[PDB]
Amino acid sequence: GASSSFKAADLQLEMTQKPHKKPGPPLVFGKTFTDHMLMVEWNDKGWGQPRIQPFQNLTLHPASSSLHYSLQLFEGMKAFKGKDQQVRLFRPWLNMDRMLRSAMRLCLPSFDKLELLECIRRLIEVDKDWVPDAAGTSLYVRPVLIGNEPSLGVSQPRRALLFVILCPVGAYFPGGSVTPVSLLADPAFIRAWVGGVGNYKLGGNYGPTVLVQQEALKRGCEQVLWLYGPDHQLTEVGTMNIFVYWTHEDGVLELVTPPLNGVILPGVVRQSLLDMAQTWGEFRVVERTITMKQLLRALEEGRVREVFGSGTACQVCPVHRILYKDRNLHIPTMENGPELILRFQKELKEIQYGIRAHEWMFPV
């Protein structure tokens, strides 16, 4: 059908008459929600008006395509409150771009990126007192678009819902340090494949990972290292992008991450780390496949400095151990500082919390 969008200019506001009490000083990820949400409905008449409304349950027809055929996508981004109580979102335009790409892949309706962003801004503004301001804390923003056609046909939905909910989040690390994780690298489990949809933030990519994460824990590891292809390409760690800081086989010190060739989700943090490192101009920055054979050889030769994951949840997450083919591989990230990881963490903290002004931050 023809494209159309809702407009922020049309936003309707209904304030809660029953606010929840705000948390004390233990923000467990994803279990505590704020007082309001955004909601917009789409059908054959286009989008309705956007509304901010009290946090409340969804009412869905039992045949809703969202629940049968996974016509569902989401985003995640963080807002941060500085010491002056100004709230700012980190590169939210990138998340909007990604959400629209996801929507098109599932034949869900398009909308105007900047109108959604302005609605999100207004929502956060209404719930601004829910954004924590202790060091390292944040507000997680969770936009969702679902198909909502009351039909068991596997087909393009004629109805959809877009909604956004918000969660306060606690700190992951003490100021100025990081704590590493151990990974399970089992080639039997495949997250994504070329020709598939692992490069979109679709619900369907995440459910099948629950059992695998439980196998990692059973095995004494914290997260999953996702391997791909017959050469055991390192793709992602958990729900994070993977980076390696090493001297490569050609003798050149570089930061490498896998290229966007279909099996990598294009992270916002990932893009930001690449951008920052390119701007410093201190070492080579490249997008290239990384194989277990290359890593094993680099480790034995002492060429690896730091391996880490990146994503909205911890920002940068160091790795100290990989369990592969029943071999426990020590990764010397913490013995190398981890200088690069701490550098990234510091620069992101300064930008996100407004210690210095930067074009990446969108004020609320």
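Numbering starts at 1 and runs along the sequence shown.
- Mean C-alpha temperature factor, higher of 326-334 and 27-35: Comparing 326-334 with 27-35, the higher mean C-alpha B-factor belongs to 27-35.
- Comparing 171-179 with 113-121, where is the mean C-alpha B-factor higher? Going by the record's values, the stretch with the higher mean is 171-179.
- Just grab whichever of 75, 186, 97, 254 has the top CA B-factor as deposited. 186 has the highest C-alpha B-factor of those listed.
- Task: Going by the CA temperature factor in the entry, name the top one among 241, 102, 261, 209.
- Result: The record points to 261.
- If you rank the chain by CA B-factor, which third does residue 46 end up in: lowest, middle or highest? CA B-factor rank for residue 46: highest third.
- Message: Is residue 218 in the lowest, middle or highest third of its chain when residues are ranked by C-alpha B-factor?
- Response: Top third by C-alpha B-factor.
- Task: Using the B-factor values recorded in the entry, state whether the Cα atom of residue 232 falls in the lowest, middle or highest third among the modelled residues of its chain.
- Result: Its C-alpha B-factor, which the entry lists for residue 232, ranks in the middle third among residues of this chain.
- Item | Lowest, middle or highest third - CA B-factor, residue 56 | Ranked within chain, residue 56 CA B lands in the middle tercile.
- Task: Grab the CA temperature factor for residue 13 from the record and place it in the lowest, middle or highest third of its chain.
- Result: Its C-alpha B-factor, which the entry lists for residue 13, ranks in the middle third among residues of this chain.
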